[PDB]
Amino acid sequence: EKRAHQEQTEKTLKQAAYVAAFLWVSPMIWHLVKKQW
Amino acid sequence: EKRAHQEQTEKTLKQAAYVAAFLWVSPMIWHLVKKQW
Amino acid sequence: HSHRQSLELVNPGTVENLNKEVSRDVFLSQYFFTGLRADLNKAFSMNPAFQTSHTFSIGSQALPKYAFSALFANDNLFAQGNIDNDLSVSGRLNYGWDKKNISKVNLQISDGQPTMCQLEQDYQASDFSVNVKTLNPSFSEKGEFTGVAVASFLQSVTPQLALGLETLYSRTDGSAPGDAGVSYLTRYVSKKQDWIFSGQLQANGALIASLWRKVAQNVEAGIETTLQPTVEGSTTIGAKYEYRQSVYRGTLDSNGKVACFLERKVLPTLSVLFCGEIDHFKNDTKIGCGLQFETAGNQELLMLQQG
Amino acid sequence: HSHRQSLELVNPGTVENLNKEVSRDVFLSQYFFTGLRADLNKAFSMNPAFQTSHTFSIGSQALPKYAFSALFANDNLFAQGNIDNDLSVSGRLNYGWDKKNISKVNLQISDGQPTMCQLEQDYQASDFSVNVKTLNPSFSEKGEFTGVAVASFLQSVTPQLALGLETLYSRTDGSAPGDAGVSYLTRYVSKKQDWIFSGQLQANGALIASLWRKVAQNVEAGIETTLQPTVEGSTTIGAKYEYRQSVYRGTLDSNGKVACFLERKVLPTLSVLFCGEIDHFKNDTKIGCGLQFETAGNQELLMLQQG
Amino acid sequence: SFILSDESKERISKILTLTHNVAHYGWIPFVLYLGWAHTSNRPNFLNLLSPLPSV
Amino acid sequence: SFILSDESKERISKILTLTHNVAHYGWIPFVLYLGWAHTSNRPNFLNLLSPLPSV
Amino acid sequence: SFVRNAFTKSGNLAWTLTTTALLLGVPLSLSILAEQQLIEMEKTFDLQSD
Amino acid sequence: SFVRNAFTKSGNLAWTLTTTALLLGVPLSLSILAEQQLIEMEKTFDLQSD
Amino acid sequence: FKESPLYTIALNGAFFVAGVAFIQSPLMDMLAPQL
Amino acid sequence: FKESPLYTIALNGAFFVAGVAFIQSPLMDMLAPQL
Numbered sequence: 013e014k015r016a017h018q019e020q021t022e023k024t025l026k027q028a029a030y031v032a033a034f035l036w037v038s039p040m041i042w043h044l045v046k047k048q049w
Numbered sequence: 013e014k015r016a017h018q019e020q021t022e023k024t025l026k027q028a029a030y031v032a033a034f035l036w037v038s039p040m041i042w043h044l045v046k047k048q049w
Numbered sequence: 049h050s051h052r053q054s055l056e057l058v059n060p061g062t063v064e065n066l067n068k069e070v071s072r073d074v075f076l077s078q079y080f081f082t083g084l085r086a087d088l089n090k091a092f093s094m095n096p097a098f099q100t101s102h103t104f105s106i107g108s109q110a111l112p113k114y115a116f117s118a119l120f121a122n123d124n125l126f127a128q129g130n131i132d133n134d135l136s137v138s139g140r141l142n143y144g145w146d147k148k149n150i151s152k153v154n155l156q157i158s159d160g161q162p163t164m165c166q167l168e169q170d171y172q173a174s175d176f177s178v179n180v181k182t183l184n185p186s187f188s189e190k191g192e193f194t195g196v197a198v199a200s201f202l203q204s205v206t207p208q209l210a211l212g213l214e215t216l217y218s219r220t221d222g223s224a225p226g227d228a229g230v231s232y233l234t235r236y237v238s239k240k241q242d243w244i245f246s247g248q249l250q251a252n253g254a255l256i257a258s259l260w261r262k263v264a265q266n267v268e269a270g271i272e273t274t275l276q295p296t297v298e299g300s301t302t303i304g305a306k307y308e309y310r311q312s313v314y315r316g317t318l319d320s321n322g323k324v325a326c327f328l329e330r331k332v333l334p335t336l337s338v339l340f341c342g343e344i345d346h347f348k349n350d351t352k353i354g355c356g357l358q359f360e361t362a363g364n365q366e367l368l369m370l371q372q373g
Numbered sequence: 049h050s051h052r053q054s055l056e057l058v059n060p061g062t063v064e065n066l067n068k069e070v071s072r073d074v075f076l077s078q079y080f081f082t083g084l085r086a087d088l089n090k091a092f093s094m095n096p097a098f099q100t101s102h103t104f105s106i107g108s109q110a111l112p113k114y115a116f117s118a119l120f121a122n123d124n125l126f127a128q129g130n131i132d133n134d135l136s137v138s139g140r141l142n143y144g145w146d147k148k149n150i151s152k153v154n155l156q157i158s159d160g161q162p163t164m165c166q167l168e169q170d171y172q173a174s175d176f177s178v179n180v181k182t183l184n185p186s187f188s189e190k191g192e193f194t195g196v197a198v199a200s201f202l203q204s205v206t207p208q209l210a211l212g213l214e215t216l217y218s219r220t221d222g223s224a225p226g227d228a229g230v231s232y233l234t235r236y237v238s239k240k241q242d243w244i245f246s247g248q249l250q251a252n253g254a255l256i257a258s259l260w261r262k263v264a265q266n267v268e269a270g271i272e273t274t275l276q295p296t297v298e299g300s301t302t303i304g305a306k307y308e309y310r311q312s313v314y315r316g317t318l319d320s321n322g323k324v325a326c327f328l329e330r331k332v333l334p335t336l337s338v339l340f341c342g343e344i345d346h347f348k349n350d351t352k353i354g355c356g357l358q359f360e361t362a363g364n365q366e367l368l369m370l371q372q373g
Numbered sequence: 006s007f008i009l010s011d012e013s014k015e016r017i018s019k020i021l022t023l024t025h026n027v028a029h030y031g032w033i034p035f036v037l038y039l040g041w042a043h044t045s046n047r048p049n050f051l052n053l054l055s056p057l058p059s060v
Numbered sequence: 006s007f008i009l010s011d012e013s014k015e016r017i018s019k020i021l022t023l024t025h026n027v028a029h030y031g032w033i034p035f036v037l038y039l040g041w042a043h044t045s046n047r048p049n050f051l052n053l054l055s056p057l058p059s060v
Numbered sequence: 086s087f088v089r090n091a092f093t094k095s096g097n098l099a100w101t102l103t104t105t106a107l108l109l110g111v112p113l114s115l116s117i118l119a120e121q122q123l124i125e126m127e128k129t130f131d132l133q134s135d
Numbered sequence: 086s087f088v089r090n091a092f093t094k095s096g097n098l099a100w101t102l103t104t105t106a107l108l109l110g111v112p113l114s115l116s117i118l119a120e121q122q123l124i125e126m127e128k129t130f131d132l133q134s135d
Numbered sequence: 027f028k029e030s031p032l033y034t035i036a037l038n039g040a041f042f043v044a045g046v047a048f049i050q051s052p053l054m055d056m057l058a059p060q061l
Numbered sequence: 027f028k029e030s031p032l033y034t035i036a037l038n039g040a041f042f043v044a045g046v047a048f049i050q051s052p053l054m055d056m057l058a059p060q061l
């Protein structure tokens, strides 16, 4: 059972990193959106 | 057993009356004592 | 009779007020409560005294959830009704036939059973006071007396000493003979009235004696020791501080519990009560705050209240 | 990097202070107590902040019988020890390497077992705040991480909106894989800063969201709704009134319980606290008064205190 | 020395019972009526009962 | 991606244990010493501990 | 009776509302009174000053 | 140890005495403070009058 | 009587919305004392 | 350890006497505030 637990924990951490980058760049994309409209 | 109970109650009431008279006259006897000494 | 009346003795207080200076003044026994409690009082007239109280007590086993009371009082008549949650009705009526002679009847009813019904006539004289009360009086087919009958006599032997007895007759069912006991009371007042001592050799070898002293216009303290097979008694030390803005009462018990009672008069009407106690023998505390609102319903009464 | 930095965003508050405006300001969750409690505080210096508190709580299950605490604080260092009855020692040390970077370590010990030992480093930047904490950290022979590790990141997307995540790693024994969960937080501040909204999609589908509003300089109110198989959540409404002489906090709960917290500053030093609550679902009340004495031990401190 | 056991005892018992029954329901109304009659203002019953100042 | 499992882990564990043990007994004394040293008055220990104003 | 049930429920609700109102207002009321008295005190001090 | 027993008993007694002193003094102290403030208030009113 | 698991969330959300409307309404400002 | 039935009465009487002496002593007068 350790296989699935490790896999899900690692995927959770990877998703956390992905959203962390998302939030880090968020001001930039909001600036781009503001320019667009 | 009612005999003893009635007798003791009646004697208690009689003693109560006796001390009631004692207290009623108490100022008088205190006055007499004060006169004596 | 004629020659002996040169003494000019003073009438001693009634038997019930024998410990008033201590039990009901410098102790919390009557003022103590627990948990929150709001007391709203409404005044409608002054010359003929009338009043409509309310109560909202939560967290106090002794107190009720709600209690409506109306108190009416005049120069020679005094009545008070008290509706309580669960439709428990309590009532007390006092009628004075003469200035010094008053008949009092109290009646408590709970769920259709007149559990309490006492009728007592109080007589006061120049030197002695006598009152007789009958608890739950009634009559039986066999004709013997039923219920509890109590008679008390107090005579002032000297201006600074009063002695009296307290006769008790009780009969529970009437089938068996009703036990009767007698108790002895003594009340001593200092020549200057600075300190008042009261002793009570209650029935069944019970001794309830107390003392009262007036330290100053603001401070008065008193002590009360109780005794009741093996005896079970406690000694209580209490003091009360009264001021134009607040009344403080503190008490240390022989059982170890320590209690105080502070009543702040934030406003002439609104008074906030704080009541806390500690039990050092079991290390638990019972504390209750409260309220006392006195709002009139008449323009004249409000004008008098504001001055 | 270079062109995008024209935004000039403001640093959002740390993750822990996300609900400070409501949970720790306009609610009694932290200030509530039960039964009597006396708190004596001693101040010895001001420029280098030093203080020696004491506590005497009786009747409160949560509070201890006695608790000696000493709090030391300066410009960049802050330490606090707390001895408790039963020799339960609690301690917290905060060291700021840089003005905006601070490392905090908390340690609670009870009967020789360091049950709590968290070490966290807090980093604050122009636009984002990140802090990582490790609860009961340790190492094992197998080499894998042990204990609970928590990391939180908050970045201000816009001056009036900040978003962030909250990563949790927990491992109880180490033999089994350590469960890890992620939580999402959102904080919105009005342009005028009049009202602050905060949302928290906590782990295990738990949603803790609250709002804050500043009615006036004296009145601020906020709301907090909690949610946690079947859910178990409550909604809380609270308001706080602050004045030069007293601080009032009231709160109505969805569970029906109603509570208030009054702190009267009778004197600049002595402050008397009253804390009462009611539980309309079971009709019971828990009320506790208290004290707060702040007496200095230095002539300069007393001169400053009196003005 | 108790002696009373006649018809007067039954009279007293019935009087006690009836006065208990009537009082249990009418005592508080008795006091309220006495007060509202004695008071010169004579406030209305609903305001009198309620714990609010009318003046 | 956890990797630390060497001798440094034993060092960290022993350090944690010893720092826990010493702190449990000396932490409050640490704060008291820091305060009484920083304060210019330097009040005596017995008065410092007691909750009474010395001035 | 259903009417009796409604009566008792209404009475209980009124009692609960009154209890909550007193608990949440009395301390607030004391705070307002104290603040209003203090401002009056400062008012009196000033009028003394000038 | 018997010495430890005496120490803990003395500490408990001191705690009890302090608790009783606070409970019976704090309300009294507030009463004295209020009375003393009120007399000062009357004092100030009079000095205003004359 | 339904008392759904979603009933609790619906009730809490409704209370939250009512409270947010009340707080941000002029009424809350009125609750603040004039003094 | 005796704890006699009379021990309770002796203790209560001793407390009463100590209290009566303390109350009627100048000390009680001192307890009254000067103000």
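Residue numbers (full-length UniProt numbering), protein chains in the order written: chain R, 13 to 49; chain Z, 13 to 49; chain W, 49 to 276, 295 to 373; chain U, 49 to 276, 295 to 373; chain A, 6 to 60; chain S, 6 to 60; chain E, 86 to 135; chain C, 86 to 135; chain Y, 27 to 61; chain L, 27 to 61.
Don't be surprised by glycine CBs; every beta carbon is placed ideally from N, CA and C.
By DSSP, does residue i sit in helix, in strand, or in coil?
i, result
"residue 164 of chain U", "strand"
"residue 147 of chain W", "coil"
"residue 84 of chain U", "strand"
"residue 283 of chain W", "One cannot assign coordinates to residue 283 of chain W, given that chain W in this structure leaps from 276 to 295."
"residue 301 of chain U", "strand"
"residue 61 of chain U", "coil"
"residue 89 of chain E", "helix"
"residue 308 of chain W", "strand"
"residue 267 of chain W", "strand"
"residue 16 of chain S", "helix"
Skipping 5 residues on each side, what residues in its chain have a beta carbon closer than 6 angstroms to that of residue i?
i, result
"residue 119 of chain W", "99, 128"
"residue 153 of chain W", "141, 167"
"residue 184 of chain U", "165, 195"
For the putative contact between residue i and residue j, defined by C-beta atoms under 8 angstroms, what is the C-beta separation to the nearest angstrom?
i, j, result
"residue 57 of chain U", "residue 207 of chain U", "6 angstroms"
"residue 112 of chain U", "residue 133 of chain U", "5 angstroms"
"residue 108 of chain E", "residue 83 of chain U", "The pair is not a contact, with the Cβ atoms about 18 angstroms apart (cut-off 8 angstroms)."
Please say whether residue j and residue i have beta carbons closer to each other than 7 angstroms?
i, j, result
"residue 229 of chain W", "residue 216 of chain W", "yes"
"residue 60 of chain W", "residue 200 of chain W", "no"
"residue 89 of chain W", "residue 366 of chain W", "no"
"residue 258 of chain W", "residue 246 of chain W", "yes"
"residue 225 of chain U", "residue 27 of chain R", "no"
"residue 76 of chain W", "residue 317 of chain W", "yes"
"residue 115 of chain W", "residue 103 of chain W", "yes"
Among residues of its own chain, excluding the 5 on either side of residue i, which ones have a beta-carbon nearer than 8 angstroms to its beta-carbon?
i, result
"residue 301 of chain U", "271, 272, 273, 274, 319, 320"
Apart from the five residues on each side of it in sequence, which residues of its chain come closer than 7 angstroms, Cβ to Cβ, to residue i?
i, result
"residue 329 of chain U", "312, 313, 337, 339"
"residue 187 of chain U", "194"
"residue 263 of chain W", "269"
Item to complete: Could I get the ranges of all uninterrupted beta strand (DSSP E) runs contained in the segment 159 to 243 of chain W, with 3 residues as the minimum, in chain order?
Response: 164 to 172, 176 to 187, 193 to 206, 209 to 217, 228 to 237
Discussion item. To test your reading of the DSSP string, which unbroken beta strand (DSSP E) runs of 3 or more residues are found completely within the segment 90 to 151 of chain W?
Written reply: 97 to 106, 115 to 121, 125 to 132, 136 to 143
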